[PDB]
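Let's start with one chain on its own, the form deposited in one PDB entry, as structure tokens.
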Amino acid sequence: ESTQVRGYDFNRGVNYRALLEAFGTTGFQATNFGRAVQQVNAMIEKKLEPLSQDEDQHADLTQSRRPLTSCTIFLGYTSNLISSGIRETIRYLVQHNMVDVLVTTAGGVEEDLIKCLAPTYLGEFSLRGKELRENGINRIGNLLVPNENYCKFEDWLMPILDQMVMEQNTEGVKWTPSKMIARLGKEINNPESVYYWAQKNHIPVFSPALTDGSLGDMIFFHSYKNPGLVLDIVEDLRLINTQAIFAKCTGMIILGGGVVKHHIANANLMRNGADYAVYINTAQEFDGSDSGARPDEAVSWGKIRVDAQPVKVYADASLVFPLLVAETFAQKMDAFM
């Protein structure tokens, strides 16, 4: 039962599918990439298995309109990836109903909406903050966002916050982050937006610290003009946890660390663990942080089943997530239509 190390032979010419396939026998993180392709393809193939359970009960127990499949896939990603071109990548998966639950941080919501109003630009990591600040330019890694983008966001968002307060106070709406994100996706009304497609396809988005970013800034300023908006995080905890509890199987695809990683993993502890899991991040374990914990720490908690074969790829997801999608979801497009 032994596989030999061998890399792609460019004497064959350039066949990119064969080149990507060769990662599996190349070693180090290339091999982990091949293992991740296999784990995600196992999630997809399980998802496509037919099932025959009670539609109305499920909906009652989860308080969700989304129909159950044979594998509930949780996709988590940090804010920076929505500032990156991986935004397109994630939007594709959600547009085609390929995942079931989204978890991201506040920036990961608002920068998708802002990109429908104005673009993000390429820059460099080493650009100095004094000069950028003096020019009204904000840096995100090697990306750049002008202050004017947030001005356009403000103008777009304040009338929606007005309606939200009115609906809460006179139509009994109890706002949560996931409910707000669904509404913003409907309002942005733009097929380039992740959250437009999420609400159209009844994919919920959880973001328990939704106030930590520009949407927070705007909610804050808005509240001195139109007081009273409340965002409850308790009901959203019930919604995410019941997505895990009532699943047939679950898979986790987690890009980055922080709350998005922990929140997906903790939901899956409710069912004594995910059946499949892929982490892609650059965090290291040695400082004891949750972000840097290997999948095998999650096993000790019951967040990943002891019989699962989870995979971590240690790499920037801007490089590896498009390749992963290319070899997995994008190959199964036939079945998602």
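Shifts are known only where both forms have a C-alpha. Don't overthink the numbering: it's just position in the shown sequence, from 1. Only the largest set of C-alpha atoms that superpose within 1.5 Å between the two forms is called the rigid core.
Absent from the display: the form deposited in another entry. The rest refers to it.
Just a single entry of 70, 62, 41, 291 exceeds or equals a 2 Å CA shift between the shown form and the other one, which is 62 (rigid core superposed).
Residue displacement note: residue 282 has its CA displaced by under 2 Å between the shown form and the other one (rigid core superposed).
Core-superposed comparison between the shown form and the other one: the Cα of residue 53 travels 2 Å or more. Note: residue 59-residue 40 Cα separation is 3 Å or more shorter in the other entry than here. Inter-residue distance, residue 56 to residue 247 (Cα): reduced by at least 3 Å in the other entry versus the depicted form.
Taking the core as reference, just one block of three or more adjacent residues between the shown form and the other one has all its Cα positions offset by 2 Å or more: 52 to 63.
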